[PDB]
């Protein structure tokens, strides 16, 4: 199960086990951008169905689960 949206947990992307959709969301969130504002209370439910609803909260728990575009762990 994906540590963010708990969809089809694929295989560690950018440090964390995630679905494919969260993988791509995160690269996009970091590289491009958009300020994402939560419309609730910064604690939205992020599941398969709702991850689309709050990119702010989804992106936040990407960061908190450890996601990073650097697998430079090679050193």
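Positions refer to the first chain, counted from 1. For clarity, a rigid core is taken as the largest C-alpha set superposing within 1.5 Å between two forms.
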Which of the two stretches, 2-10 versus 64-72, has its Cα atoms farther on average from this form in 6 other deposited structures of this protein when everything is superposed by the rigid core?
64-72
With the rigid core as the fit reference, the stretch showing the greater C-alpha departure in 6 other deposited structures of this protein, 46-54 or 32-40, is 32-40
Comparing 20-28 with 50-58, where is the mean C-alpha B-factor higher?
20-28
Averaging C-alpha B-factors over each stretch, which comes out higher, 10-18 or 60-68?
10-18
